[PDB]
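Each chain, letter by letter, is given below.
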Amino acid sequence: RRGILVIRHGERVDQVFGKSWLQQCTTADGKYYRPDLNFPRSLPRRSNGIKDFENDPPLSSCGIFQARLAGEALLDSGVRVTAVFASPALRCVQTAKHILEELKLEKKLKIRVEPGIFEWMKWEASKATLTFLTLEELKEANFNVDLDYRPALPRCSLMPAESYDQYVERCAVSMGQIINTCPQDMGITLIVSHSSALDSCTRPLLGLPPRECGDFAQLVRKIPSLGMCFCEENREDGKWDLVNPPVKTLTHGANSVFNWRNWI
Amino acid sequence: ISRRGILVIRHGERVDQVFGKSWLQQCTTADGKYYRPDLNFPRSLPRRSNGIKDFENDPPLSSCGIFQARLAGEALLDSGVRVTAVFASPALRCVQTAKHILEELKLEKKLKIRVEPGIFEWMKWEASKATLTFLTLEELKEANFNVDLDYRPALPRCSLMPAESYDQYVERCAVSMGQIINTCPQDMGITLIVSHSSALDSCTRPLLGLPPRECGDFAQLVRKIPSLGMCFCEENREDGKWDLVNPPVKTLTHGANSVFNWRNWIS
């Protein structure tokens, strides 16, 4: 059968170090350094400054570990991946990348950046306070992105004040186009997105109405990094069925800050 | 100039830390083979005498544990420091942690892991009520850990007394550190001691010429040590005294990842 696997991005640095993260890793000198190993080895090359990561943060090292471990598990599962779409958020695109690298398909498949599956604008910041990397920058930062892919919703079309109902509609519209981007291949398509997407990108396929707004927010906070939601298409009925994801869940503990001076 | 240093490092996350004492049962088939019921269980278990049953009291690194060990290894590479030797507790989680550190340092082939029962966990906290076994050097060599087959431990495995007191524990640690520090005391590099939480105190105090902490004070401090937690000592040129200093790599802080199941948590 043909399947859709919705996947949450891995741990993001600001989930661990807070909004101040960017200040914690930037020299007076203006440069980046790792004050803690969980900060990534390096940041990708970016316009409008290091200053832009603030609203579009990268994966933590743990995040990368998570994305790789899932990728590896998809390889091991024997499943066939035929396409990957990702929210323009750097945490998503990075997650897509590491999954592919462990699947050994980073060269074979090109990441399709789809703003239509971006986070609900409400939880994010306004337009004047939110910017993504350009395909060019990603290509330069070594993400094998599809330069030709025409998004169901271009980046500037995202309204920094969309309602819940507009969000779920744009998601349904985006899923629409994706499902019709060559509906033939009998493989799995990856949608690497955010917590909310596990509900807002599957319900339409399942022909279900949007959850009540309160009911929705309540469910999407419970979703962990690399959390998955799997949908399959029935041959004849053409209906979509919610099924078990092809890889196991990932459960592990935190690691709290330590200091050998804080002995006594 | 450079100085000579000792870096005590706690092992990475162990599976039973996450999945509990029942872990072995969760990843064993009705058949009797191993499988991964969650991605945090490792890809595979090493080849072991008695098959699978012995892991119960000597568990492996979780996937996360491995990530942690690797991350630190990489950081040591990046720091530019020179590592000249590694010693590890016989516990599998320790030997695994040493291995991954070396692999990221690119020295797995160049340096051989010296297994030293003298720096094993305090026996009080080890259910050698079941009887500890460990892996043998041979089994490790076969499981592809470049162990030192010639290294004569300051305390051989069977000399560990399953009822040692706190005072005996700290003394055996001091005695072991003793021999380690005299195992060619010349090279101006860093020696890794990959061991347990307790070792960050029990293996550095003697070097620092400090008396053992009060037992309660000691237990209270060692639960606060995280995976890959480090404690660094340097030797003064003249004095010959040891100084407690900042570890050559940053700390590693990250969040948990709780069990999920969508179809269910929806209703």
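Residues numbered from 1 in each chain as written, not as in the entry; some residues may be left out. Chains lettered and ligands numbered in written order. Heavy atoms only, no water. Residues with missing side-chain atoms left out of burial classes, pairs and counts.

- What the deposited record gives as its method is X-ray crystallography, and the resolution it gives is 2.77 Å.

- Per the PDB entry, chain B goes by STS-2 protein and derives from Mus musculus.
- For this structure, the PDB header gives the title as "Crystal structure of the 2H-phosphatase domain of Sts-2 in complex with phosphate".
- Regarding chain B, the UniProt comment filed under Subunit (unreviewed entry) reads as follows: "Homodimer or homooligomer. Interacts with CBL. Part of a complex containing CBL and activated EGFR. Interacts with ubiquitin and with mono-ubiquitinated proteins. Interacts with dynamin." (UniProt positions renumbered as here; feature names shortened; annotations may be inferred.)

- Under the PDB entry, the name given to chain A is STS-2 protein, and the organism recorded is Mus musculus.
- Its UniProt record gives chain A the following Subunit (unreviewed entry) comment, quoted word for word: "Homodimer or homooligomer. Interacts with CBL. Part of a complex containing CBL and activated EGFR. Interacts with ubiquitin and with mono-ubiquitinated proteins. Interacts with dynamin."

**Here's the deal with the overall build of chain B**
Next, step 1: Scanning chain B from N- to C-terminus turns up nine helices and six strands.
Next, step 2: The C-alpha atoms of chain B give 19 Å as radius of gyration, which agrees with the globular expectation for 267 residues (18 Å, within 12%).
Next, step 3: Along the first, second and third principal axes, the C-alpha set of chain B runs to 70 × 40 × 40 Å. (Helix = DSSP H or I, 4+ residues; strand = E, 2+ residues; numbered from the N terminus. Rg over C-alpha atoms; globule rule 2.2 N^0.38 Å.)

**Section: the overall build of chain A**
Next, step 1: Scanning chain A for helices and strands turns up eight helices and six strands.
Next, step 2: Along chain A, from the amino end to the carboxyl end, the secondary structure elements read β-α-α-α-β-α-β-α-α-β-α-α-β-β.
Next, step 3: The globule rule puts the C-alpha radius of gyration for 264 residues at 18 Å, and the 18 Å found for chain A is close to it.
Next, step 4: As displayed, chain A offers around 11,700 Å² of accessible surface, 50% of which is attributable to carbon and sulfur atoms.
Next, step 5: Distance from the positive charge centre (34 side chains) to the negative charge centre (32 side chains) of chain A: 4 Å. (Areas by Shrake-Rupley, 256 points an atom, 1.4 Å probe, with all protein chains shown as cover. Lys, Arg positive; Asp, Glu negative; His and termini not counted. Charge placed at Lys NZ, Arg CZ, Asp CG, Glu CD.)

**A word on the side chain of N38 of chain A**
Next, step 1: Of note, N38 of chain A is situated in the loop between α2 (21-24) and α3 (61-77).
Next, step 2: When neighbours within four sequence positions are excluded, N38 of chain A is seen to be in contact with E11, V13, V16, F17, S60, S61 and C62 of chain A together with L252, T253 and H254 of chain B. (Contact = heavy atoms within 4.5 Å.)

**Observations concerning the packing of aromatic side chains**
Residue and element names in this part refer to chain A.
Next, step 1: Tallied over the full model, the rule gives 22 aromatic pairs over all chains.
Next, step 2: When the ring of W21 is compared with that of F39, the centres are 6.5 Å apart and the planes differ by 40 degrees; the resulting orientation is tilted. Here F39 lies in the loop between α2 and α3 and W21 lies in helix α2, a separation of 18 residues in the sequence.
Next, step 3: Residue classification places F39 among the buried residues on the basis of a relative accessible area of 0%.
Next, step 4: An angle of 50 degrees between the planes, with centres 5.6 Å apart, marks the rings of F258 and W263 as tilted. Here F258 and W263 have matching classes, each one buried.
Next, step 5: Three or more aromatic residues joined by ring pairs make a cluster, and in this case those are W120, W123, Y164, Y167 and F216. (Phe/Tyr/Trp six-rings, centres within 6.5 Å; stacked < 30°, edge-to-face > 60°. Buried < 20%, exposed > 50% of the residue type's maximum accessible area, 1.4 Å probe, protein only.)

**A closer look at helix α6 (residues 166-182) of chain B**
Residues and elements named next belong to chain B.
Next, step 1: The end-to-end C-alpha separation of α6 is 25 Å, in line with the 24 Å expected for 17 residues at 1.5 Å each.
Next, step 2: Within the span of α6, buried status applies to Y166, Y169, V170, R172, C173, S176, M177, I180 and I181. With its buried residues spanning 170 degrees around the axis, α6 presents them on a single face. In this structure, α6 carries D167 and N182 as exposed residues pointing more than 90 degrees from its buried face.
Next, step 3: In this structure, the buried side of α6 is in contact with β1 (4-10), β2 (83-88), β4 (190-195), α7 (199-202), α8 (215-222) and β6 (242-245).
Next, step 4: Immediately beyond the C-terminal end of α6, within one or two residues, lies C184, with a positive phi of roughly 45 degrees. (Expected span 1.5 Å × (residues − 1). Arc of directions from axis to C-beta.)

**A short note on the environment of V245 of chain B**
Next, step 1: Looking at where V245 of chain B falls in the secondary structure, it is placed in strand β6.
Next, step 2: A residue is classified by how much of its surface remains accessible, and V245 of chain B, at 21% relative accessible area, is partly exposed.
Next, step 3: Sequence-distant contacts of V245 of chain B, that is, excluding residues within four places in its chain, are made with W260 of chain A together with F232 and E234 of chain B.

**With respect to the pairing of β6 of chain B**
Residues and elements named next belong to chain B.
Next, step 1: Direction of pairing for strand β5 (residues 230-235) relative to β6: antiparallel, over a ladder of four bridges. Bridge pairing in β6 places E234 opposite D243.
Next, step 2: The turn linking β5 back onto β6 is made up of six residues, and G240 within it adopts a positive phi angle of 85 degrees. (Pairing = 2+ DSSP bridges.)

**Re the environment of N55 of chain A**
Residues and elements named next belong to chain A.
Next, step 1: Position of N55 relative to the elements: it lies in the loop between α2 and α3.
Next, step 2: Contact partners of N55, with chain neighbours within four places excluded, come to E124, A125, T129 and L130.
Next, step 3: Reaching out from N55, the side chain makes a polar contact with the backbone oxygen of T129 at a distance of 2.8 Å. (Polar contact = N/O pair within 3.5 Å; in protein donor to acceptor, adjacent residues only side chain to side chain.)

**Some thoughts on the interface of chain B and chain A**
Next, step 1: At the interface, 47 residues of chain B touch 48 residues of chain A.
Next, step 2: For the pair chain B and chain A, the summed buried area comes to about 4,500 Å², and 58% of that belongs to carbon and sulfur atoms.
Next, step 3: Of all residues in chain B, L39, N257 and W262 of chain B give up the largest surface area on contact with chain A, accounting jointly for 18% of the area buried on that side.
Next, step 4: Close ionic contact of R41 of chain A with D78 of chain B constitutes a salt bridge, the shortest N to O distance being 3.2 Å.
Next, step 5: Where chain B meets chain A, there are 16 residue pairs in polar contact. (Buried area = accessible area lost by both parts, 1.4 Å probe. Salt bridge = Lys/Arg side-chain N within 4 Å of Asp/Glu carboxyl O.)

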